Amino acid sequence: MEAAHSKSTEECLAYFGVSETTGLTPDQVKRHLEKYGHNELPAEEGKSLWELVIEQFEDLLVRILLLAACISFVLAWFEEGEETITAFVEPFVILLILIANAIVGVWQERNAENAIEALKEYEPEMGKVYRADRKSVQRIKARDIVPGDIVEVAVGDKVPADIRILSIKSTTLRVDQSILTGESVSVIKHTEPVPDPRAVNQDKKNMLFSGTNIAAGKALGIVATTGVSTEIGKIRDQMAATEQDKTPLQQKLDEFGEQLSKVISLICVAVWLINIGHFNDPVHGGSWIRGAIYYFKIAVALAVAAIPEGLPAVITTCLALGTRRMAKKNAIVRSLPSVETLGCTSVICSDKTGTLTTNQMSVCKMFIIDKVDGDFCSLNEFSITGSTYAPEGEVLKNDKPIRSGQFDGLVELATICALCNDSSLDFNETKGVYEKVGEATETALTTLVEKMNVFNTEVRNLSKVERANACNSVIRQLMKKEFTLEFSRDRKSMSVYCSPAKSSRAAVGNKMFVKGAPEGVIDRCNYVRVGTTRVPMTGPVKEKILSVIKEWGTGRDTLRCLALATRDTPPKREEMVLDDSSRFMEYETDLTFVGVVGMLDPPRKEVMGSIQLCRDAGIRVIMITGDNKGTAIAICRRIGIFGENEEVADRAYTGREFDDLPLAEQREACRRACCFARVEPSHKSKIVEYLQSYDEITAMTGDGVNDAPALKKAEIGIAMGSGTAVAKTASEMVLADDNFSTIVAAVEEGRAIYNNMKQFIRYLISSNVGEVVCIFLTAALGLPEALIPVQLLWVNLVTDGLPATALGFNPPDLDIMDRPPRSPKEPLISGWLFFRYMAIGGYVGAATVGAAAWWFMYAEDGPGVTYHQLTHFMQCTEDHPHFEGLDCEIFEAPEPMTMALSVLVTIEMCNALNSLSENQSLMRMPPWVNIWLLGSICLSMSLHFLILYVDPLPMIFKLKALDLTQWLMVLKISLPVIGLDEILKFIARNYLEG
Ligand code: NA
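Residues numbered from 1 in each chain as written, not as in the entry; some residues may be left out. Heavy atoms only, no water.

1. Some points on the overall build of the protein chain
Part 1: Counting secondary structure elements, the protein chain contains 35 helices and 30 strands.
Part 2: Computed over C-alpha atoms, the radius of gyration of the protein chain comes to 38 Å, more than 25% over the 30 Å expected from 2.2 N^0.38 for 994 residues, which places it beyond the range of a compact globule.
Part 3: Counting only C-alpha atoms and orienting by the principal axes, one finds that the protein chain spans roughly 135 × 75 × 55 Å.
Part 4: Evaluated residue by residue, the protein chain yields a buried proportion of 50% over its 994 residues.
Part 5: For the protein chain, the share of sequence-separated contacts (at least 6 apart) that also reach a separation of at least 24 residues comes to 71%.
Part 6: Summed over its atoms, the accessible surface of the protein chain is roughly 47,000 Å², and 57% of this surface lies on carbon and sulfur atoms.
Part 7: On the protein chain, the mean spot of the 101 positive side-chain charges and the mean spot of the 128 negative ones are 10 Å from each other. (Helix = DSSP H or I, 4+ residues; strand = E, 2+ residues; numbered from the N terminus. Rg over C-alpha atoms; globule rule 2.2 N^0.38 Å. Buried < 20%, exposed > 50% of the residue type's maximum accessible area, 1.4 Å probe, protein only. Contact = heavy atoms within 4.5 Å. Areas by Shrake-Rupley, 256 points an atom, 1.4 Å probe, with all protein chains shown as cover. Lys, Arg positive; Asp, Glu negative; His and termini not counted. Charge placed at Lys NZ, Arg CZ, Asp CG, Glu CD.)

Written as structure tokens, this is what we have:
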């Protein structure tokens with residue numbers, strides 16, 4: 001029964017055919033259970049370990065590598081010899097990388113928690129029902145509860161289902177609905193029907209929502225809905241129906257995956273079409289087995305040379321490090337891929353209270369009526385200092401300190417603020433400052449009465465803790481509080497019924513003290529107080545009151561106003577039903593206007609600044625607030641969101657206004673809006689949709705289960721440190737301090753990190769290019785293999801991975817926040833950059849072959865066979881050129897490989913320096929700009945020497961220590977790469993910058 005709140009208790013009983021005194025029968029229980037299912041959100045998918053392990057082998061590149069391991073394995077099997085301790089190393093090494101890769105992938109999932117599963121924390125194990133098969137209440141499992149069940153709840157219980165309250169057993173009933181409505185103070189519940197069938201949760205004063213807690217009282221009710229049909233269940237469905245796209249880099253990297261796959265295969269064909277000469281060969285003679293071993297040997301190295309095997313580890317390391325760095329700045333990021341997205345944030349939607357403001361309330365102004373005489377009128381306006389809850393400050397009329405007590409209007413004003421109030425103070429001796437107890441707005445009133453001291457009570461003598469609630473306690477003793485009529489949004493006020501304290505045998509003197517939003521409160525005033533006297537409310541004096549209120553709310557003061565009034569002749573106590581909240585406005589009429597207080601929730605000190613940063617960075621800012629429209633706007637002007645005097649007609653909306661607009665116009669409104677006031681339950685989420693229809697990267701703040709859907713939808717959901725665990729688990733980021741400025745800082749960190757990622761990504765991929773050239777050249781020049789897979793894999797994971805990581809510490813550009821958001825469509829490598837890395841690739845691939853060849857020719861240790869061209873034969877079945885001497889296995893000498901590999905290693909260390917800046921010369925941005933990079937290079941070289949000397953390793957990699965001559969050559973052929981890029985950067989700075 002979805003509409004239970006708008007039905008009478010009798011209609012809900014009738015609908016389900018259930019007896020309030022016996023409850024459902026065992027047949028009803030069965031049937032109901034068959035129709036509605038059990039009371040519980042559905043289980044998460046049964047993602048098994050075996051399935052999880054399988055998923056680690058889905059990516060195109062890991063398939064290639066697996067394939068290449070199989071070929072490597074078959075080759076290290078279908079090969080003759082006795083050296084097995086240096087044969088199966090390769091295929092094993094490739095497999096071990098894939099195992100570690102899959103291991104990590106699995107470790108990630110075991111540690112990942114989804115928000116949908118966090119929802120289940122709010123479903124209690126047990127609940128209490130009345131069923132016809134028993135007399136006394138039975139405590140059954142909450143999943144066994146069904147619509148129609150008569151249920152019982154009491155203080156401390158977690159509501160097991162969405163329930164229509166039938167009967168309140170205790171005096172009142174109080175609920176903690178913080179998790180669903182953001183009302184953090186316990187709300188009072190009733191049993192009368194709520195007329196509007198489209199009432200938002202906050203106004204269903206007769207409902208208990210599954211997952212909430214009874215704060216006080218005992219109640220009996222009937223279950224309206226269970227499972228996915230409850231308020232939180234609908235929230236679960238929205239979240240589950242939300243599909244989350246891959247981050248821009250994830251998408252672009254997946255595109256590179258396909259493309260590189262397609263590239264790898266083409267190069268294999270290219271190596272085929274180059275040997276189509278073998279078709280014109282005698283069928284007899286030559287080795288076919290060895291001919292195929294030749295292709296599969298290069299296909300393996302080719303795949304291995306082309307994959308940036310260490311890239312995923314480098315990225316992760318970088319992101320993890322950045323994350324620790326962001327946490328130091330109060331930004332707790334939860335998902336590593338979010339760090340990139342955060343940098344692209346084009347829109348931030350922020351709640352005002354507690355994020356843009358401090359949520360530390362303070363009364364700054366107040367006024368009473370001074371006199372009314374015909375068309376003439378004067379108010380007494382005052383000021384109050386002190387912006388803490390501490391009772392330290394003073395009242396001032398025209399800056400001159402006055403004494404509240406000398407004004408009677410003020411005695412009463414204070415009596416309302418003190419009596420018509422459910423909050424207090426407390427001096428916390430631990431922190432040594434005054435803290436609130438209750439609501440912000442109410443404690444500010446408590447604070448205000450203490451500064452006012454309307455009865456000049458001896459207060460300075462009292463201790464620190466006793467000082468807290470002294471002037472209040474005084475006012476309390478003056479009036480007995482008989483009862484209170486709670487605040488409702490329909491009337492936007494509250495009242496308290498009070499009788500004189502010293503009273504033996506009397507029935508006259510009773511008062512109601514009314515506090516609330518000025519418009520409705522003032523409309524119900526027929527009288528205006530003037531000291532102790534009273535006069536009729538008149539058209540002119542009304543405008544006077546309203547104009548001041550308007551000025552205070554809509555001006556640079558940005559104050560939240562509250563009207564205070566009293567009912568002099570309140571209805572007789574017996575004539576009032578304290579149960580029908582719909583009668584409260586009626587009991588609050590024929591009032592006397594006493595005064596107005598204006599309070600402030602101050603902007604955080606950093607917000608002004610942070611908002612300006614965004615304007616520089618081309619990031620739009622939208623405030624979502626509970627202020628009315630005028631004040632919403634005024635606060636927006638105040639903080640920088642709006643220009644002080646600029647037009648805003650079409651950039652500010654209330655929920656009402658926004659709902660009235662047709663779908664097209666709502667979408668339109670969202671492109672230009674910077675202020676949403678009084679926003680509905682569904683709005684954040686619809687606002688996010690529209691924003692995404694313009695391809696905005698959207699940040700959205702929230703803190704309750706009811707924000708969870710929007711948090712999940714937006715690309716950067718942002719939760720408050722002080723918020724619910726569910727909102728956190730639904731968000732890309734948590735604000736340790738709740739401060740809007742933390743967001744802007746974390747965006748800046750994201751830009752800085754992405755710029756560096758581009759660098760080490762381009763560095764690594766460019767490294768693969770040269771590796772591929774080296775393999776290809778060797779093949780299409782019939783040379784001895786210059787580099788082998790085990791060597792490549794070492795370079796791609798260790799030798800280059802260190803500098804790649806060090807590149808993540810590249811200093812950030814000063815102009816980072818002075819450029820618009822990066823477009824998600826922006827390609828990683830494109831145009832000039834393709835050429836650069838193509839040329840760089842060329843040179844690296846040539847240098848490595850040439851390093852081997854030079855040893856094979858113009859060097860001593862190896863044959864002085866210049867232009868002999870090892871091209872010709874690699875079979876040795878004719879034995880022509882080297883006539884005298886029985887040697888033919890010098891082709892596999894470890895010296896040439898060691899020349900090539902040391903060239904690669906040395907070049908890439910050099911190219912790591914060329915990677916300090918995309919376009920700036922090493923003349924302008926020197927190597928030492930990044931000490932981590934310098935350190936990294938020393939480490940990688942020490943590691944190269946490690947594999948060169950430490951016995952097991954030089955055999956495994958197939959290497960031999962180099963002569964100072966040979967090393968001195970390695971340098972000669974490596975250092976020029978620096979000159980090459982310097983030239984190319986020069987061409988970019990001077991002949992492209994237009
Ligand atoms: Na999200």
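More follows now that the structure is in view.
2. Things to note about helix α28 (residues 789-799)
Part 1: Taking burial as the measure, the 11 residues of α28 include 9 buried ones, the bulk of the element.
Part 2: Turning to α28, its buried residues number three or more, namely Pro789, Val790, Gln791, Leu792, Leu793, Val795, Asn796, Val798 and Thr799.

3. Quick look at the domain arrangement of the protein chain
Many authors give the size of an interface as the accessible area that is lost as the parts come together.
Part 1: According to the domain assignment, the protein chain contains domain 1 (12-54 + 113-240), domain 2 (55-112 + 241-345 + 746-994), domain 3 (346-358 + 603-745) and domain 4 (359-602).
Part 2: Spacing between the C-alpha centres of domain 2 and domain 4 amounts to 75 Å. (Domains from an automatic or database assignment.)

4. Here's the deal with the UniProt feature "binding site: Mg(2+)" (unreviewed entry) in the protein chain
Part 1: In the numbering adopted here, UniProt assigns the feature "binding site: Mg(2+)" (unreviewed entry) to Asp703 and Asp707.
Part 2: As for its position among the elements, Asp703 is in the loop between β28 (698-702) and α25 (708-713).
Part 3: On the basis of relative accessibility, which here comes to 37%, the residue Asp703 falls in the partly exposed class.
Part 4: Within the secondary structure layout, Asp707 lies in the loop between β28 and α25.
Part 5: Look at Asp707 and you get buried, because its relative accessible area is 12%.
Part 6: Discounting residues that sit within four places of it in the chain, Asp707 has contacts with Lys684 and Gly702. (UniProt positions renumbered as here; feature names shortened; annotations may be inferred.)

5. Comments concerning the coordination of the sodium ion
Part 1: Binding of the sodium ion to the protein goes through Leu711 (O), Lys712 (O), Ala714 (O), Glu732 (OE) and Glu732 (OE), at separations of 2.1 to 3.1 Å.
Part 2: Each donor residue of the sodium ion belongs to the same chain, with the gaps between them written as L-K-x1-A-x17-E. Taken together, the positions of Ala714 in the loop between α25 and β29 (716-720) and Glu732 in the loop between α26 (725-729) and β30 (733-735) put the pair 18 residues apart, joining distant regions of the chain.
Part 3: On the basis of relative accessible area, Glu732 is assigned to the buried category, the value being 12%. (Donors = N, O, S within 2.8 Å, 3.2 Å for Na, K, Ca; no water.)

6. Structural notes on the nonpolar core
Part 1: Among the nonpolar cores identified, the biggest contains 130 residues, and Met733, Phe740, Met757 and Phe760 are the most heavily contacted of them.
Part 2: For this core, the leading source of residues is helix α27 (residues 740-780), giving 17 residues.
Part 3: There are two domains that each give this core at least three residues, and those are domain 2 (55-112 + 241-345 + 746-994) and domain 3 (346-358 + 603-745).
Part 4: Every residue in contact with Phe760, bar those within four places of it in the chain, is listed here: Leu311, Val314, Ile315, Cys318, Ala804, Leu807 and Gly808.
Part 5: With 41 residues, the next largest nonpolar core counts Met366, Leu425, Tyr434 and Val597 among its residues. (Core = buried A, V, L, I, M, F, W, Y, C linked by side-chain atoms within 4.5 Å.)

7. Looking at the state of the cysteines
Part 1: All chains considered together, the criterion is met by 1 disulfide.
Part 2: Paired by a disulfide, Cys876 and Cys888 hold their sulfur atoms 2.0 Å apart. Negative torsions about the S-S bond denote left-handed disulfides, and the value of about 130° found for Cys876 with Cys888 makes this one right-handed. Placement of the pair is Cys876 in the loop between α30 (832-856) and α31 (894-913) and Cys888 in the loop between α30 and α31, with a sequence separation of 12 residues.
Part 3: Among the residues examined, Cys888 registers a relative accessible area of 29% and is labelled partly exposed.
Part 4: Between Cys525, a free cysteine, and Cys420, which holds the nearest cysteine sulfur, the sulfur-to-sulfur gap is 13 Å.
Part 5: The thiol sulfur of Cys674 is not disulfide-bonded, and the nearest other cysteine sulfur, from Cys636, lies at 7.5 Å.
Part 6: Since its relative accessible area comes to 6%, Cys674 is described here as buried. (Disulfide = S-S within 2.5 Å.)

8. Let's talk about unusual backbone geometry
Part 1: In the Ramachandran plot, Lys492 falls in the positive-phi region, its phi being about 55° despite a non-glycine side chain.
Part 2: Take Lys492: it is sitting in the loop between β18 (479-488) and β19 (493-500).
Part 3: For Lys492, a relative accessible area of 38% corresponds to the partly exposed category.
Part 4: Although it is not a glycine, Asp695 sits at a positive phi angle of roughly 60°.
Part 5: You can see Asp695 is positioned in the loop between α24 (683-692) and β28.

9. Remarks on the packing of helix α13 (residues 408-419) against helix α16 (residues 470-478)
Part 1: Between α13 and α16, whose axes approach to 9 Å, the crossing angle comes to 95°. Classified by the angle between their axes, α13 and α16 sit roughly perpendicular to one another. Across the interface between the two elements, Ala414, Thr415, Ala418 and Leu419 from α13 touch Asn472, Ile475 and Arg476 from α16.
Part 2: Residue composition of the contact of α13 with α16, by class: 4 nonpolar, 2 polar and 1 charged. (Axes fitted to C-alpha atoms, helices over the stretch in contact; angles between N-to-C directions. Parallel < 35°, antiparallel > 145°, perpendicular 65-115°, else oblique. Nonpolar A, V, L, I, M, F, W, Y, C, P; charged D, E, K, R; others polar.)

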